[PDB]
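The chains carry the letters A, B, C, D and E, assigned in the order they are written, with residues numbered from 1 in each.
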Amino acid sequence: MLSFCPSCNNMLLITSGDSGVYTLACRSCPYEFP
Amino acid sequence: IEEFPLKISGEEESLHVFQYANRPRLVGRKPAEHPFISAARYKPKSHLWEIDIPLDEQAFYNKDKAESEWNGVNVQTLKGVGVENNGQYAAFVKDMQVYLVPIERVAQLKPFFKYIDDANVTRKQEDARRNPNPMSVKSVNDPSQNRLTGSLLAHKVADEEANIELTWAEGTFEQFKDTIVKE
Amino acid sequence: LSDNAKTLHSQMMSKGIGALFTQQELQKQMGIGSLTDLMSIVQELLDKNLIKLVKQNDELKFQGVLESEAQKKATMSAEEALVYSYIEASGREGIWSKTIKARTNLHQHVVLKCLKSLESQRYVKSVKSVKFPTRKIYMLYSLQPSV
Amino acid sequence: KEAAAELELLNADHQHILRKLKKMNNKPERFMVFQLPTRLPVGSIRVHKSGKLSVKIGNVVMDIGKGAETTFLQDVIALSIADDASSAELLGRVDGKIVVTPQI
Amino acid sequence: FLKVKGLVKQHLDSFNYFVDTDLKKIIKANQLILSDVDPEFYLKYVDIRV
(Lines give C-alpha, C1' and ligand atoms only; values in the text may rest on other atoms or scores of the structure.)
Protein backbone atom coordinates (compact mmCIF):
# COMPACT_ATOMS: atom_id res chain seq x y z
CA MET A 1 0.00 0.00 0.00
CA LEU A 2 2.69 2.47 -1.12
CA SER A 3 4.64 1.25 1.94
CA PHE A 4 8.12 2.13 0.68
CA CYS A 5 10.87 2.26 3.31
CA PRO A 6 13.31 4.83 1.89
CA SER A 7 17.00 3.98 1.44
CA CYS A 8 15.83 0.41 0.82
CA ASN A 9 12.33 0.72 -0.75
CA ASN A 10 11.56 -2.63 0.87
CA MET A 11 8.32 -2.73 2.87
CA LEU A 12 6.58 -1.43 5.94
CA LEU A 13 4.95 -3.48 8.68
CA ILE A 14 2.54 -2.52 11.46
CA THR A 15 4.43 -3.73 14.54
CA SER A 16 3.19 -4.22 18.09
CA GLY A 17 4.55 -1.07 19.72
CA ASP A 18 4.97 0.22 23.25
CA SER A 19 1.78 0.51 25.32
CA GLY A 20 0.08 -1.37 22.48
CA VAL A 21 0.67 1.46 20.00
CA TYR A 22 0.21 0.71 16.29
CA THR A 23 3.57 1.82 14.95
CA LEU A 24 4.81 0.79 11.51
CA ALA A 25 8.40 -0.37 11.07
CA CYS A 26 10.09 -2.89 8.80
CA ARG A 27 12.68 -5.58 9.40
CA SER A 28 16.14 -5.73 7.79
CA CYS A 29 16.37 -1.93 8.12
CA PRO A 30 16.66 0.39 11.14
CA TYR A 31 13.62 2.54 10.34
CA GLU A 32 10.41 3.67 12.01
CA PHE A 33 7.46 5.98 11.38
CA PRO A 34 4.25 6.98 13.26
CA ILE B 1 25.71 26.43 -40.11
CA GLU B 2 27.37 26.07 -36.71
CA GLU B 3 29.54 23.08 -35.88
CA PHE B 4 31.08 21.85 -32.62
CA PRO B 5 34.25 19.75 -33.13
CA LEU B 6 34.85 16.90 -30.67
CA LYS B 7 38.06 14.94 -30.15
CA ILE B 8 38.85 11.86 -28.07
CA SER B 9 41.61 12.41 -25.50
CA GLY B 10 41.11 9.81 -22.82
CA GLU B 11 43.28 6.84 -21.86
CA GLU B 12 45.15 5.42 -18.88
CA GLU B 13 42.11 5.93 -16.60
CA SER B 14 39.51 3.16 -16.31
CA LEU B 15 36.70 5.30 -14.92
CA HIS B 16 33.46 3.69 -13.75
CA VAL B 17 29.83 4.81 -13.53
CA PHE B 18 27.38 3.85 -10.79
CA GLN B 19 23.58 3.78 -10.74
CA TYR B 20 21.77 4.47 -7.46
CA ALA B 21 18.52 2.48 -7.60
CA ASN B 22 17.47 3.99 -4.24
CA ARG B 23 17.79 7.77 -4.32
CA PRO B 24 15.79 9.69 -6.96
CA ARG B 25 17.21 12.36 -9.24
CA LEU B 26 14.75 15.20 -8.56
CA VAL B 27 12.39 15.80 -5.64
CA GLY B 28 9.35 17.91 -6.50
CA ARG B 29 11.03 19.27 -9.66
CA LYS B 30 13.95 20.23 -7.40
CA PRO B 31 17.23 18.37 -8.04
CA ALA B 32 18.39 16.32 -5.07
CA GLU B 33 21.82 15.81 -3.51
CA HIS B 34 24.06 12.79 -3.33
CA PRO B 35 24.68 11.39 0.16
CA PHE B 36 28.20 11.50 1.52
CA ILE B 37 30.25 8.31 1.24
CA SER B 38 32.03 7.38 4.46
CA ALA B 39 34.43 4.97 2.74
CA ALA B 40 34.51 2.77 -0.35
CA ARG B 41 35.51 -0.86 -0.85
CA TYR B 42 36.62 -2.66 -4.02
CA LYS B 43 37.33 -6.29 -4.89
CA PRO B 44 39.58 -6.91 -7.92
CA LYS B 45 38.92 -9.92 -10.17
CA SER B 46 35.27 -9.78 -9.00
CA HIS B 47 34.56 -6.06 -9.43
CA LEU B 48 32.27 -5.58 -6.43
CA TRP B 49 31.66 -2.19 -4.80
CA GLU B 50 30.59 -2.09 -1.14
CA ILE B 51 29.84 1.62 -0.91
CA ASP B 52 29.13 2.53 2.71
CA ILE B 53 26.55 5.20 3.55
CA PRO B 54 25.40 6.75 6.85
CA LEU B 55 21.71 6.94 7.73
CA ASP B 56 20.46 9.68 9.99
CA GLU B 57 20.10 9.49 13.75
CA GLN B 58 17.46 8.77 16.40
CA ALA B 59 14.61 10.80 14.88
CA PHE B 60 14.10 8.38 11.97
CA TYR B 61 16.38 5.62 13.19
CA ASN B 62 14.88 3.35 15.90
CA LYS B 63 18.18 2.29 17.43
CA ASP B 64 16.49 0.21 20.15
CA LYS B 65 15.62 -2.39 17.51
CA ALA B 66 18.89 -1.88 15.61
CA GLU B 67 21.11 -2.30 18.68
CA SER B 68 19.47 -5.31 20.33
CA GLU B 69 19.08 -7.42 17.17
CA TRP B 70 22.30 -7.15 15.13
CA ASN B 71 24.49 -4.63 17.05
CA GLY B 72 25.48 -2.88 13.81
CA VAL B 73 24.69 0.82 13.62
CA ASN B 74 24.84 3.74 11.19
CA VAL B 75 26.25 1.73 8.25
CA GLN B 76 24.19 0.80 5.17
CA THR B 77 26.27 -0.89 2.46
CA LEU B 78 25.01 -1.50 -1.08
CA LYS B 79 26.60 -3.92 -3.53
CA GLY B 80 27.33 -3.09 -7.16
CA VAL B 81 28.66 -5.55 -9.74
CA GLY B 82 30.86 -3.96 -12.39
CA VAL B 83 29.30 -4.63 -15.80
CA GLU B 84 31.26 -3.76 -18.95
CA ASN B 85 30.18 -2.77 -22.45
CA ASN B 86 31.43 -0.92 -25.51
CA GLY B 87 30.43 2.55 -26.62
CA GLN B 88 29.22 5.05 -24.03
CA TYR B 89 32.00 7.59 -23.71
CA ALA B 90 31.92 10.21 -20.95
CA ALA B 91 31.78 13.81 -22.17
CA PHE B 92 32.46 17.05 -20.32
CA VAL B 93 31.59 20.08 -22.44
CA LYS B 94 33.76 23.17 -22.94
CA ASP B 95 32.56 26.40 -24.53
CA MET B 96 32.05 25.24 -28.15
CA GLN B 97 34.08 22.09 -27.41
CA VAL B 98 33.16 18.63 -26.12
CA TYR B 99 35.82 16.21 -24.91
CA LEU B 100 35.32 12.46 -24.59
CA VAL B 101 36.80 9.70 -22.43
CA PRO B 102 35.84 6.00 -22.49
CA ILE B 103 33.81 4.48 -19.66
CA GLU B 104 35.22 1.14 -18.57
CA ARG B 105 32.32 -0.38 -16.60
CA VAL B 106 28.82 0.52 -15.40
CA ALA B 107 27.88 -0.97 -12.03
CA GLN B 108 24.33 -1.05 -10.66
CA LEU B 109 23.95 -0.38 -6.94
CA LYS B 110 21.49 -2.59 -5.04
CA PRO B 111 21.00 -2.42 -1.25
CA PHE B 112 23.24 -5.14 0.22
CA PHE B 113 21.94 -6.11 3.67
CA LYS B 114 25.18 -6.95 5.49
CA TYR B 115 24.29 -7.06 9.18
CA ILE B 116 21.37 -9.52 9.11
CA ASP B 117 23.42 -11.73 6.81
CA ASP B 118 25.99 -11.82 9.63
CA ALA B 119 23.39 -12.07 12.41
CA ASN B 120 22.87 -15.71 11.40
CA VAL B 121 26.63 -16.39 11.54
CA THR B 122 26.69 -16.32 15.34
CA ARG B 123 23.35 -18.14 15.25
CA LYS B 124 24.98 -20.83 13.12
CA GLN B 125 27.97 -20.74 15.48
CA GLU B 126 25.79 -21.37 18.55
CA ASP B 127 24.03 -24.32 16.89
CA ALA B 128 26.95 -26.75 17.19
CA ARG B 129 28.01 -25.37 20.59
CA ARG B 130 24.74 -26.55 22.15
CA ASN B 131 25.04 -29.75 20.05
CA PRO B 132 28.72 -30.78 19.96
CA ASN B 133 28.83 -34.24 18.37
CA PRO B 134 31.84 -35.47 16.35
CA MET B 135 42.49 -37.28 7.02
CA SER B 136 43.14 -35.34 3.79
CA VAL B 137 44.73 -37.69 1.26
CA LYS B 138 45.18 -37.25 -2.47
CA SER B 139 43.04 -38.81 -5.20
CA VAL B 140 43.11 -38.97 -9.00
CA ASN B 141 41.14 -37.07 -11.63
CA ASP B 142 39.04 -39.69 -13.45
CA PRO B 143 37.95 -39.13 -17.08
CA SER B 144 34.43 -40.38 -16.28
CA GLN B 145 33.75 -37.76 -13.60
CA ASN B 146 33.25 -34.00 -13.63
CA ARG B 147 34.08 -31.05 -11.39
CA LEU B 148 32.30 -27.79 -10.62
CA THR B 149 33.08 -24.87 -12.93
CA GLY B 150 31.46 -21.87 -14.58
CA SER B 151 28.86 -20.02 -12.53
CA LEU B 152 29.25 -21.55 -9.06
CA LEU B 153 33.06 -21.60 -9.28
CA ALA B 154 33.02 -17.81 -9.66
CA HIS B 155 31.26 -17.47 -6.30
CA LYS B 156 33.93 -19.61 -4.62
CA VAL B 157 36.59 -17.16 -5.86
CA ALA B 158 34.67 -13.92 -5.20
CA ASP B 159 34.26 -14.27 -1.42
CA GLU B 160 37.99 -14.64 -0.60
CA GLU B 161 40.13 -11.85 -2.05
CA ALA B 162 41.94 -8.74 -0.89
CA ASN B 163 40.00 -5.91 0.72
CA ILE B 164 40.88 -2.35 -0.29
CA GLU B 165 39.55 0.60 1.73
CA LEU B 166 39.47 3.47 -0.73
CA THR B 167 40.58 7.00 0.20
CA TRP B 168 37.49 8.75 -1.13
CA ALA B 169 38.21 12.31 -2.30
CA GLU B 170 36.52 14.95 -4.44
CA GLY B 171 39.08 16.74 -6.61
CA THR B 172 38.91 16.23 -10.38
CA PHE B 173 40.37 19.51 -11.66
CA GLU B 174 43.64 17.58 -12.00
CA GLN B 175 41.73 15.18 -14.27
CA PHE B 176 40.18 18.13 -16.13
CA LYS B 177 43.17 20.23 -17.17
CA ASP B 178 45.32 17.18 -17.95
CA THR B 179 42.72 16.32 -20.60
CA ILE B 180 42.45 19.91 -21.86
CA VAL B 181 46.17 20.31 -22.57
CA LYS B 182 46.21 17.14 -24.69
CA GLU B 183 44.80 17.60 -28.20
CA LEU C 1 67.65 -23.65 5.14
CA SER C 2 68.40 -27.36 5.51
CA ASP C 3 69.99 -26.92 8.95
CA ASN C 4 66.77 -25.39 10.29
CA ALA C 5 64.92 -28.40 8.88
CA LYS C 6 67.29 -30.54 10.95
CA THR C 7 66.10 -28.52 13.96
CA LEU C 8 62.46 -28.75 12.82
CA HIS C 9 62.11 -32.54 12.72
CA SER C 10 64.07 -32.86 15.96
CA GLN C 11 61.03 -31.21 17.56
CA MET C 12 58.85 -33.74 15.72
CA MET C 13 61.06 -36.51 17.15
CA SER C 14 61.21 -34.88 20.60
CA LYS C 15 57.74 -36.02 21.70
CA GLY C 16 56.38 -39.54 21.55
CA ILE C 17 54.12 -39.81 18.52
CA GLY C 18 50.88 -39.02 20.33
CA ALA C 19 49.81 -35.61 21.62
CA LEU C 20 49.74 -34.39 18.04
CA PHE C 21 51.38 -31.09 17.14
CA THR C 22 50.03 -27.87 15.64
CA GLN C 23 51.42 -24.53 14.53
CA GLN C 24 50.35 -22.23 17.38
CA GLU C 25 52.57 -24.25 19.72
CA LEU C 26 55.22 -24.72 17.02
CA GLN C 27 55.45 -20.97 16.38
CA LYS C 28 56.08 -20.49 20.10
CA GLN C 29 58.48 -23.44 19.93
CA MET C 30 60.32 -22.03 16.88
CA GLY C 31 60.08 -18.32 16.11
CA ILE C 32 63.62 -17.56 14.97
CA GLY C 33 62.27 -17.29 11.42
CA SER C 34 59.31 -15.21 10.34
CA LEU C 35 56.27 -17.00 8.94
CA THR C 36 57.19 -15.92 5.40
CA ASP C 37 60.07 -18.41 5.69
CA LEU C 38 58.63 -20.89 8.20
CA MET C 39 55.96 -22.04 5.73
CA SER C 40 58.41 -22.29 2.81
CA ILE C 41 60.62 -24.95 4.41
CA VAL C 42 57.59 -26.97 5.58
CA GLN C 43 56.18 -26.98 2.05
CA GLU C 44 59.68 -28.01 0.98
CA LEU C 45 59.41 -30.72 3.66
CA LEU C 46 56.04 -31.74 2.26
CA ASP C 47 58.07 -32.11 -0.94
CA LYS C 48 60.50 -34.14 1.18
CA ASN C 49 57.42 -36.18 2.20
CA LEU C 50 58.25 -36.50 5.89
CA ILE C 51 55.55 -34.26 7.41
CA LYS C 52 51.91 -35.25 6.88
CA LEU C 53 48.56 -33.49 7.18
CA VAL C 54 46.53 -35.02 10.01
CA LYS C 55 43.04 -33.76 10.87
CA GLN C 56 41.84 -33.04 14.35
CA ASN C 57 38.22 -32.13 14.05
CA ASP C 58 37.14 -29.00 12.13
CA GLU C 59 40.49 -27.17 12.38
CA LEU C 60 44.14 -27.07 11.39
CA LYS C 61 46.55 -29.73 12.63
CA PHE C 62 49.91 -31.35 11.84
CA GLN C 63 51.70 -34.61 12.57
CA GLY C 64 55.32 -35.62 11.97
CA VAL C 65 56.16 -39.28 11.36
CA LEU C 66 59.27 -41.42 11.66
CA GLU C 67 61.85 -41.18 8.89
CA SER C 68 62.62 -44.92 8.96
CA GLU C 69 59.17 -45.70 7.53
CA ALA C 70 59.20 -42.61 5.30
CA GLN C 71 61.93 -44.05 3.07
CA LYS C 72 59.90 -47.28 3.18
CA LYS C 73 57.07 -45.67 1.19
CA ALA C 74 59.42 -43.57 -0.96
CA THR C 75 60.59 -46.85 -2.49
CA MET C 76 57.15 -47.04 -4.11
CA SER C 77 55.94 -45.10 -7.12
CA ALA C 78 53.24 -42.53 -6.49
CA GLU C 79 50.31 -44.88 -7.19
CA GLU C 80 51.53 -47.53 -4.74
CA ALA C 81 52.13 -44.76 -2.19
CA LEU C 82 48.58 -43.50 -2.85
CA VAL C 83 46.93 -46.76 -1.77
CA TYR C 84 49.42 -47.14 1.11
CA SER C 85 48.41 -43.81 2.65
CA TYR C 86 44.72 -44.69 3.09
CA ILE C 87 45.47 -48.19 4.36
CA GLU C 88 47.45 -46.89 7.35
CA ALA C 89 44.90 -44.11 7.94
CA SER C 90 42.41 -46.82 8.92
CA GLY C 91 45.03 -48.81 10.80
CA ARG C 92 43.05 -49.87 13.85
CA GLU C 93 40.10 -51.43 11.99
CA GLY C 94 41.10 -52.01 8.36
CA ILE C 95 39.71 -51.06 4.97
CA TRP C 96 37.54 -52.78 2.36
CA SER C 97 38.67 -53.17 -1.25
CA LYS C 98 35.54 -51.38 -2.49
CA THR C 99 36.18 -48.42 -0.19
CA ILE C 100 39.84 -48.32 -1.23
CA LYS C 101 38.70 -48.23 -4.89
CA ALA C 102 36.10 -45.48 -4.42
CA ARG C 103 38.26 -42.82 -2.72
CA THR C 104 41.07 -43.02 -5.31
CA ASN C 105 39.17 -43.26 -8.66
CA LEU C 106 41.54 -46.10 -9.60
CA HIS C 107 39.46 -48.69 -11.44
CA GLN C 108 39.22 -52.40 -10.79
CA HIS C 109 42.40 -53.61 -12.52
CA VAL C 110 44.77 -50.83 -11.44
CA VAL C 111 43.98 -51.24 -7.74
CA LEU C 112 44.04 -55.05 -7.81
CA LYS C 113 47.44 -54.95 -9.53
CA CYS C 114 48.63 -52.31 -7.05
CA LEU C 115 48.18 -54.14 -3.74
CA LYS C 116 49.28 -57.48 -5.22
CA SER C 117 52.68 -55.87 -5.77
CA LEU C 118 52.38 -54.33 -2.29
CA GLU C 119 51.76 -57.69 -0.59
CA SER C 120 55.02 -59.16 -1.91
CA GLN C 121 56.81 -56.22 -0.25
CA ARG C 122 55.34 -57.30 3.12
CA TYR C 123 53.22 -54.17 3.50
CA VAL C 124 49.63 -55.52 3.57
CA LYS C 125 48.02 -58.59 5.14
CA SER C 126 44.54 -59.96 4.50
CA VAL C 127 42.12 -60.84 7.31
CA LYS C 128 38.48 -61.94 7.24
CA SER C 129 36.01 -60.21 9.54
CA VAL C 130 33.38 -61.63 11.88
CA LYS C 131 31.09 -58.63 12.31
CA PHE C 132 30.60 -58.93 8.54
CA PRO C 133 32.08 -62.15 7.11
CA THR C 134 32.81 -62.86 3.44
CA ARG C 135 34.45 -59.44 3.05
CA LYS C 136 38.15 -58.84 2.39
CA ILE C 137 39.63 -56.47 4.98
CA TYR C 138 43.26 -55.40 4.67
CA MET C 139 45.66 -54.08 7.31
CA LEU C 140 49.37 -53.45 7.82
CA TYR C 141 51.59 -55.81 9.84
CA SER C 142 50.68 -53.87 13.00
CA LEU C 143 48.28 -56.75 13.82
CA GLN C 144 45.33 -54.80 15.22
CA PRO C 145 42.30 -57.09 14.75
CA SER C 146 39.90 -55.41 17.15
CA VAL C 147 37.09 -57.19 15.28
CA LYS D 1 0.13 8.03 -39.85
CA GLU D 2 1.72 7.20 -36.50
CA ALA D 3 5.13 7.56 -38.18
CA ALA D 4 4.26 11.26 -38.48
CA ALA D 5 4.01 11.32 -34.68
CA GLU D 6 7.63 10.11 -34.59
CA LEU D 7 9.40 12.71 -36.74
CA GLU D 8 7.74 15.62 -34.92
CA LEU D 9 8.90 14.22 -31.57
CA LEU D 10 12.42 13.89 -32.97
CA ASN D 11 12.19 17.57 -33.90
CA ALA D 12 11.07 18.24 -30.32
CA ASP D 13 14.10 16.23 -29.15
CA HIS D 14 16.66 18.43 -30.93
CA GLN D 15 15.17 21.65 -29.53
CA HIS D 16 15.44 20.15 -26.03
CA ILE D 17 19.04 18.97 -26.52
CA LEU D 18 20.51 22.14 -28.04
CA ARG D 19 19.22 23.88 -24.91
CA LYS D 20 21.05 21.51 -22.56
CA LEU D 21 24.14 21.63 -24.78
CA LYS D 22 24.21 25.44 -24.54
CA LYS D 23 23.41 25.91 -20.84
CA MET D 24 26.41 23.68 -20.02
CA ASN D 25 28.94 25.83 -21.90
CA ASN D 26 30.10 27.19 -18.52
CA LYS D 27 32.17 23.98 -17.93
CA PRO D 28 30.82 23.72 -14.34
CA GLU D 29 32.30 20.25 -13.82
CA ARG D 30 29.37 18.79 -15.75
CA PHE D 31 29.42 15.38 -17.45
CA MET D 32 27.26 13.53 -19.94
CA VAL D 33 27.50 10.02 -21.40
CA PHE D 34 26.64 9.15 -24.99
CA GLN D 35 27.28 6.03 -27.04
CA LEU D 36 29.29 5.90 -30.24
CA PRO D 37 28.79 3.14 -32.84
CA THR D 38 31.86 0.91 -32.70
CA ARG D 39 33.19 -1.46 -35.40
CA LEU D 40 34.39 1.30 -37.68
CA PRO D 41 34.20 0.69 -41.47
CA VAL D 42 36.66 12.98 -33.94
CA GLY D 43 33.96 14.65 -36.02
CA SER D 44 31.69 17.61 -35.33
CA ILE D 45 28.25 18.09 -33.83
CA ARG D 46 26.69 20.54 -36.26
CA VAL D 47 23.41 22.34 -36.89
CA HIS D 48 21.56 22.01 -40.20
CA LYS D 49 18.81 24.22 -41.63
CA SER D 50 15.87 24.61 -39.22
CA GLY D 51 16.81 22.54 -36.21
CA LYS D 52 18.66 19.39 -37.27
CA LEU D 53 21.78 17.77 -35.81
CA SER D 54 24.29 15.32 -37.26
CA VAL D 55 27.83 14.07 -36.67
CA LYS D 56 30.46 12.97 -39.19
CA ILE D 57 33.05 11.19 -37.07
CA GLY D 58 34.93 9.26 -39.76
CA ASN D 59 36.83 10.77 -42.64
CA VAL D 60 33.58 10.42 -44.61
CA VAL D 61 31.29 8.29 -42.40
CA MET D 62 28.18 10.39 -41.70
CA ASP D 63 25.96 9.66 -38.68
CA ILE D 64 22.85 11.81 -39.11
CA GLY D 65 20.72 10.53 -36.25
CA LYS D 66 21.03 11.58 -32.62
CA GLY D 67 18.45 11.47 -29.86
CA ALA D 68 18.24 12.66 -26.24
CA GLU D 69 16.20 9.64 -25.21
CA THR D 70 15.95 7.80 -21.92
CA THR D 71 14.19 8.29 -18.59
CA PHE D 72 16.09 7.59 -15.37
CA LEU D 73 14.96 8.47 -11.85
CA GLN D 74 18.41 7.50 -10.55
CA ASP D 75 21.54 9.12 -9.19
CA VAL D 76 24.47 8.51 -11.55
CA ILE D 77 28.02 9.58 -10.69
CA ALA D 78 31.35 9.17 -12.49
CA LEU D 79 34.50 8.12 -10.62
CA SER D 80 38.01 7.35 -11.87
CA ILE D 81 39.95 4.45 -10.38
CA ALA D 82 43.69 3.97 -10.93
CA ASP D 83 45.69 0.80 -10.23
CA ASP D 84 43.67 -0.12 -7.10
CA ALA D 85 45.30 2.39 -4.78
CA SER D 86 44.53 5.76 -3.20
CA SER D 87 42.64 6.63 -6.39
CA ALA D 88 39.01 7.30 -5.43
CA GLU D 89 37.56 10.66 -6.48
CA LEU D 90 33.98 11.43 -7.47
CA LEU D 91 34.23 13.46 -10.68
CA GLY D 92 30.62 14.58 -11.00
CA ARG D 93 27.00 13.62 -11.42
CA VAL D 94 25.48 12.96 -14.84
CA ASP D 95 22.76 15.26 -16.20
CA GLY D 96 21.63 13.66 -19.47
CA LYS D 97 22.28 10.85 -21.92
CA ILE D 98 21.91 10.94 -25.71
CA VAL D 99 22.72 8.34 -28.38
CA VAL D 100 24.26 8.30 -31.85
CA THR D 101 22.99 6.04 -34.63
CA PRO D 102 24.15 5.86 -38.26
CA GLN D 103 21.72 6.38 -41.11
CA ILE D 104 21.00 3.61 -43.61
CA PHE E 1 11.73 -20.39 -58.81
CA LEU E 2 11.14 -24.10 -59.42
CA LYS E 3 14.02 -24.47 -61.91
CA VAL E 4 16.90 -23.53 -59.60
CA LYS E 5 14.93 -24.54 -56.49
CA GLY E 6 12.56 -27.43 -57.02
CA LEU E 7 9.73 -29.14 -55.12
CA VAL E 8 11.74 -31.50 -52.87
CA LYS E 9 13.78 -28.62 -51.47
CA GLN E 10 12.91 -29.56 -47.89
CA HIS E 11 14.22 -33.13 -48.13
CA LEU E 12 17.25 -32.71 -50.40
CA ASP E 13 18.72 -29.57 -48.81
CA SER E 14 18.49 -31.06 -45.30
CA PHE E 15 20.45 -34.30 -45.77
CA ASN E 16 22.96 -32.42 -47.94
CA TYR E 17 23.65 -30.10 -45.00
CA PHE E 18 24.03 -33.10 -42.68
CA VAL E 19 26.65 -34.82 -44.85
CA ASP E 20 28.75 -31.74 -45.64
CA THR E 21 28.99 -29.85 -42.35
CA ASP E 22 26.93 -31.54 -39.63
CA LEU E 23 29.19 -34.59 -39.39
CA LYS E 24 32.29 -32.54 -38.55
CA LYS E 25 30.39 -30.94 -35.66
CA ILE E 26 29.82 -34.43 -34.19
CA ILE E 27 33.34 -35.89 -34.06
CA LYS E 28 34.53 -32.50 -32.79
CA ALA E 29 32.20 -33.10 -29.82
CA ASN E 30 33.16 -36.76 -29.24
CA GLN E 31 36.90 -36.62 -29.97
CA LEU E 32 39.70 -37.97 -27.76
CA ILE E 33 38.71 -41.44 -26.65
CA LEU E 34 40.89 -42.16 -23.62
CA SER E 35 41.84 -44.87 -21.15
CA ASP E 36 42.67 -44.45 -17.47
CA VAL E 37 44.92 -47.50 -17.27
CA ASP E 38 48.15 -46.74 -19.19
CA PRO E 39 47.55 -42.97 -19.35
CA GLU E 40 49.92 -42.37 -22.30
CA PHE E 41 47.40 -43.76 -24.83
CA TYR E 42 45.17 -41.46 -26.87
CA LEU E 43 43.15 -41.79 -30.07
CA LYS E 44 41.65 -38.67 -31.64
CA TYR E 45 39.31 -38.24 -34.60
CA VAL E 46 40.59 -35.41 -36.79
CA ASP E 47 38.07 -35.32 -39.65
CA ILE E 48 35.31 -37.40 -41.22
CA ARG E 49 34.19 -37.98 -44.81
CA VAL E 50 31.45 -39.89 -46.65
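Please note the rule applied: contacts are C-beta pairs under 8 Å (C-beta built on N, C-alpha and C of every residue); 3 or more make two chains touch, one makes a residue touch a chain.
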Lowest number of touching-chain links that must be crossed from chain A to chain D: 2
Remotest chain, chain C as reference, centres from CA atoms: D
Whole-Å separation of chain centres (CA-atom averages), chain A against chain C: 60
Centre-to-centre distance between chain E and chain C (centres being mean Cα positions), rounded to whole Å: 51
Interchain centroid distance [CA atoms averaged], chain B/chain C, Å: 46
Separation of chain B from chain D, taking each centre as the mean of its C-alpha atoms, in whole Å: 26
Contacts with 2+ other chains: residues of chain B: 21, 23, 142
Overlap residues in chain A, where contacts from two or more other chains coincide: none
Junction residues of chain C - those touching two or more other chains: 105-106
Touch relationships between chains, expressed as pairs: A-B, B-C, B-D, B-E, C-E
In the complex with chain D, residue positions of chain B that touch it: 1-8, 13-21, 23-26, 32, 34, 37, 40, 42, 44, 86-96, 98, 103, 164, 166-173, 175-176
Residue ranges of chain E touching chain B (in the complex, touch as defined): 34, 36
Residue ranges of chain B touching chain C (in the complex, touch as defined): 134-142, 145
Touching residues on chain C, where the partner in the complex is chain B: 53-55, 57, 82, 85-86, 89, 103-106
Interfacial residue positions of chain B with respect to chain A in the complex: 21-23, 53, 55, 60-63, 65-66, 73, 76, 111, 113, 116
